[PDB]
Amino acid sequence: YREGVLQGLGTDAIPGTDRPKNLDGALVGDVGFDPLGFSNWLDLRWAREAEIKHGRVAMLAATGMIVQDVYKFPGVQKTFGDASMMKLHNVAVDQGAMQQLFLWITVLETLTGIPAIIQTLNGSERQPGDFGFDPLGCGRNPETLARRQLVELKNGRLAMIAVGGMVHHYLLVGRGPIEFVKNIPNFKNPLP
Amino acid sequence: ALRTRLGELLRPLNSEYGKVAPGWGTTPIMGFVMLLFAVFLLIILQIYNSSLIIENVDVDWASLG
Amino acid sequence: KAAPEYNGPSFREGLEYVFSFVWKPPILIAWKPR
Amino acid sequence: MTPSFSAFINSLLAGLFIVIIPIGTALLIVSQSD
Amino acid sequence: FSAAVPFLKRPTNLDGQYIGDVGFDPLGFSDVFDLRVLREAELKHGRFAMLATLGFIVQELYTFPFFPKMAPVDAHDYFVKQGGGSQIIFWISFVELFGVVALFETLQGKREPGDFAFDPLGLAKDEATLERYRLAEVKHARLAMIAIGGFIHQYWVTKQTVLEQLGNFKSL
Ligand code: CLA
Ligand code: KC2
Ligand code: KC2
Ligand SMILES: CC1=C(C#C/C(C)=C/C=C/C(C)=C/C=C/C=C(C)/C=C/C=C(\C)C#CC2=C(C)C[C@@H](O)CC2(C)C)C(C)(C)C[C@H](O)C1
Ligand SMILES: CC1=C(C#C/C(C)=C/C=C/C(C)=C/C=C/C=C(C)/C=C/C=C(C)/C=C/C2=C(C)CCCC2(C)C)C(C)(C)C[C@H](O)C1
Ligand SMILES: CC1=C(C#C/C(C)=C/C=C/C(C)=C/C=C/C=C(C)/C=C/C=C(C)/C=C/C2=C(C)CCCC2(C)C)C(C)(C)C[C@H](O)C1
């Protein structure tokens, strides 16, 4: 609904084959690519709630491996040694950082993360993925928010693939996002 | 039916026969607690079976002293 | 020299009320489920 | 955390993600579809 | 439409009748137990904490001469044995028998939860002043219950009393 040309009916540009039936103009960012009909049995409200949160973690994770090979905060260097991104999920669980990023995130999801899905499942007004966080009102302007909702999800659909790639590439060869772009060859194969 | 002091004392405990909660009620909580109990039973079984060796848990007679 | 009529629970029931103080106080009724 | 405990937790995860999650997904996907 | 959490809906029985209500009942404890019993508890925990926080601070700066000088938490142990502990338990228990009678009254609806009718110095002049203060107490009780838990755990780790730790941060 930013434009029907970008999303929604008539914008199914897979050879259309009609359109996955449950999928329709209403859900944001629908081009109708549902080969496996997941929409068919599924609650697209948990389905739509589930896609945006995976997208937001990944855009945040991805900004992260990229801004971690490129920067480390005051300190970090002395602890953490200087280590690639998966090793951090093994050292951190012991320096304690991560375990105090699962405490507060668990507190986040339990207190607000789980009621909101139940309300969306219950038929409560909030749309899948709406936590009503708009501290600076880019959202306020109604026209721009519609562009943002299509923007938010598309970048998240992109980031989840990129972060999945960053993690896949590094274990096989290289270190991190920046370095893998840095060394093109399978020439050096630094171990994970 | 004989009425007794102890019978009248304990009568409300045996009063709501067939009273049920609607639908599924607390079934997910029961399933979660059963899953935790199953995990606990697996842990203690593998500890006794010596397939799970926690530090300072010597499953042996020599651990008595 | 007041003398109340006390048309109320017999002496034995009062001893029971006093016993119910120690085996049935109202401490846990407050946490009854709804 | 002995290597034995690590094997136990990963065994729980694999059983969840290779046995429980795939089979359960299929039953919900095909039950709802028919 | 909970105000505190815009996303979650207001829990059904948190309607602002009790002051201190921002609709924050995410896990829905309100529905399962009587709200009136819960307010009694909020304030009763808060009241112990709001006092204890003062004590950890005072016990650190000064201790009466007859008692040996000890860190605030250490004392739970000396006092278990000197026998002071029993006295502070006996009395707080005695006050509480009356508290059981008070609660049962709240359940019968004849007492506002948390009201022991103690305003000796008569600070509460008007029904608005009562609402202002009553909110303040509920806010302080909530802050204090968090802080007392902190003073204790930080000592269990730093092994330093709260004011001393602030002076010498001694980061892990
Ligand atoms: C044990 C102390 C205690 C008790 C009995 C209550 C009781 C109450 N509160 Mg209060 N509250 C407390 C502490 C407490 N609160 C603290 C510390 C804060 C500050 C965060 C608040 C902030 C607060 C607000 C803002 C509001 C209430 C409200 C309420 C009422 C309804 C919510 C409810 O049922 O909560 C039940 C609470 C419990 C059963 C205690 C939690 C026990 C859990 C299961 C254990 C884990 C808790 C843990 C500390 C939190 C996670 C932290 C993580 C690191 C592990 C009820 C009278 C609402 C109200 O006024 O309605 C009348 C309201 O709007 N409370
Ligand atoms: C808000 C920005 C900021 C972030 C996001 C951040 C994250 C982390 C993480 C990741 C979770 C770890 C693991 C970590 C650990 C250490 N930090 Mg900290 N840190 C930040 C700020 C500062 C400043 C300003 C200083 C500092 C210090 C140290 C020392 C030194 C002691 C040593 O010598 O061992 C250690 C070990 C000092 C330093 O050396 O910085 C040059 C110091 O001045 N940090 N820090
Ligand atoms: C879907 C997951 C995924 C995504 C989204 C993704 C994106 C990008 C982008 C962004 C557009 C670039 C620019 C890029 C570049 C390279 N990728 Mg790559 N990539 C992904 C997955 C894999 C796997 C599984 C392998 C791989 C490889 C390489 C090599 C080879 C260098 C070499 O031969 O040494 C180079 C230059 C191989 C490698 O890592 O060798 C161990 C290898 O098997 N990637 N990759
Ligand atoms: C509201 C809400 C929820 C919630 C919540 C929360 C966050 C509840 C948290 C509650 C807390 C933290 C209650 C803390 C009470 C602390 C007390 C009573 C301390 C007493 C100390 C004493 C008596 C002492 C002492 C001492 C003194 C003074 C000095 C020493 O010498 C000796 C000694 C050690 C004896 C959630 C989200 C869960 C769900 C929900 O939907 C709604
Ligand atoms: C911390 C931790 C670790 C970790 C970890 C992590 C973070 C692992 C994360 C891995 C992720 C995110 C993998 C996903 C990769 C993306 C895939 C497979 C999709 C590709 C797209 C495809 C195939 C098609 C797309 C497409 C569609 C749908 C069809 C049409 C066209 C097209 C657009 C191309 C360990 C596990 C390593 C262990 C360590 O001890 C600790
Ligand atoms: C056992 C022991 C003793 C003892 C003892 C004692 C007194 C133990 C008591 C410990 C206490 C009271 C711990 C408190 C934990 C409270 C937490 C984590 C809540 C934080 C608030 C949060 C997370 C707020 C979150 C929030 C924020 C603002 C934003 C989001 C919304 C909201 C959810 C409202 C001794 C000392 C007597 C000695 C003896 O030898 C042994």
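Above this note sits the structure.
Criteria and thresholds
- We count residues from 1 along each chain, following the written sequence rather than the entry's numbering, and we skip any residue without coordinates.
- Written order determines the labels here, with chains lettered from A and ligands numbered from 1.
- What you see is a piece of a larger assembly; the numbers all apply to this piece alone.
- The side-chain figures draw on all heavy atoms in the structure; neither hydrogens nor water molecules are used.
- Contacts: residue pairs with any heavy atoms within 4.5 Å of one another.
- When two parts are brought into contact, each loses some accessible area as probed by a 1.4 Å sphere; the total of that loss over both is the buried area.
- In protein, a polar contact means a hydrogen-donor-capable atom and an acceptor-capable atom, both N or O and within 3.5 Å, with residues adjacent in sequence counting only if both atoms are side-chain atoms; elsewhere, any N or O pair within 3.5 Å suffices.
- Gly is placed with the polar residues, together with every amino acid not listed as nonpolar (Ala, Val, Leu, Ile, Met, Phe, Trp, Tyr, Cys and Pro) or charged (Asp, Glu, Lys and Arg).
- Donor atoms (N, O, S) are those found within 2.8 Å of the metal centre, with the cutoff raised to 3.2 Å for Na, K and Ca; water is not part of the atom list, so apparent gaps in a site can occur.
- Helix and strand labels come from DSSP, where a helix needs a run of H or I of at least four residues and a strand needs a run of E of at least two; each type is numbered from the N terminus.
- Pairs were defined over the aromatic rings of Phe, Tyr and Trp, the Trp ring being its six-membered one, requiring ring centres within 6.5 Å. Orientation was assigned from the angle between planes: stacked under 30 degrees, edge-to-face over 60, tilted for the rest.
- For every residue, the accessible area obtained with a 1.4 Å probe (protein chains only) is divided by the maximum for its type, and the residue is called buried under 20%, exposed over 50%, and partly exposed between those limits.
- Here, the term nonpolar core denotes a set of buried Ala, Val, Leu, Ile, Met, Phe, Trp, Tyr and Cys residues that are joined through side-chain atoms within 4.5 Å.
- To be near a molecule or strand, a residue needs just one of its heavy atoms within 4 Å of it.
- Shrake-Rupley sampling with a 1.4 Å probe provides the accessible areas, and residues are treated as covered by the protein chains on show and by no other component.

Caption draft 1: Spatial organisation of the interface of chain C and chain E. Of the residues lining the interface, 8 residues belong to chain C; the matching set on chain E comes to 14 residues. Between chain C and chain E the total buried area reaches about 880 Å² when both faces are included, carbon and sulfur atoms providing 72% of it. On the chain C side of the contact with chain E, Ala30, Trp31 and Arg34 of chain C bury the most area, a combined 61% of that side's loss. Our enumeration of links across chain C and chain E arrives at 4 residue pairs in polar contact. When the residues that make up the side of chain C that touches chain E are grouped by side-chain class, the tally is 6 nonpolar, no polar and 2 charged.

Caption draft 2: View of the coordination of the magnesium atom of ligand 3. You will see that the magnesium atom of ligand 3 has only one donor from the protein, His169 of chain A (NE2), lying 2.3 Å away. Along the polypeptide, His169 of chain A turns up in helix 5 (residues 142-172).

Caption draft 3: Structural view of the packing of aromatic side chains. Residues and elements named next belong to chain E. Taken as a whole and judged by the stated rule, the model has 17 aromatic pairs over all chains. Aromatic pair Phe64 and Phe66: ring centres 5.5 Å apart, planes at 20 degrees, arrangement stacked. The exposure class of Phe64 is partly exposed, given its relative accessible area of 45%.

Caption draft 4: Quick peek at the nonpolar core. Residues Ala49, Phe56, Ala71, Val73, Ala144, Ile148, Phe151, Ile152, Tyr155 and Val162 of chain E constitute the largest nonpolar core, which totals 10 residues. Among the elements that line this core, the one with the most residues is helix 5 (residues 127-158) of chain E, at 5 residues. Residue contacts for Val162 of chain E: discarding those within four places in its chain leaves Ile57, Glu60 and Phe151 of chain E. Within the second largest apolar cluster, 8 residues are counted, among which are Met85, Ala159, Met166 and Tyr170 of chain A.

Caption draft 5: A look at the site of ligand 4. Contacts to ligand 4 come from 15 residues, most closely from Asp25, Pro26, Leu27, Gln59 and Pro72 of chain E. More than one chain reaches ligand 4: its neighbouring residues belong to chains A and E. Contact distances for ligand 4 include 2.7 Å between an oxygen atom and a backbone N or O atom of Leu27 of chain E. Starting from 1,000 Å² of accessible surface for ligand 4 in isolation, the protein chains cover 58%. For the shell around ligand 4, the elements supplying multiple residues, two or more each, are helix 2 (35-61) and helix 5 of chain E. Here the shell around ligand 4 gets 5 residues from one element, more than from any other, and that element is helix 2 of chain E. Of the residues contributing to the shell around ligand 4, the split by class is 11 nonpolar, 3 polar and 1 charged.

Caption draft 6: Expanded view of the site of ligand 3. Residues and elements named next belong to chain A. As a matter of local geometry, ligand 3 sits amid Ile161, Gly165, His169, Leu172, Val173, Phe180, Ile184, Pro185 and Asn186. Here an oxygen atom of ligand 3 and a backbone polar atom of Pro185 are 2.7 Å apart. Separating an oxygen atom of ligand 3 from a backbone N or O atom of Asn186 is a distance of 2.5 Å. It is helix 5 that provides the largest number of residues to the shell around ligand 3, a total of 4 residues. Here the shell around ligand 3 is built from residues that sort into 6 nonpolar, 3 polar and no charged.

Caption draft 7: Main features of the coordination of the magnesium atom of ligand 1. There is one protein donor for the magnesium atom of ligand 1, and it is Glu42 of chain E (OE), at 2.6 Å. Mapped onto the elements, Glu42 of chain E comes out in helix 2.

On their own, these measurements won't tell you what the molecule is for.
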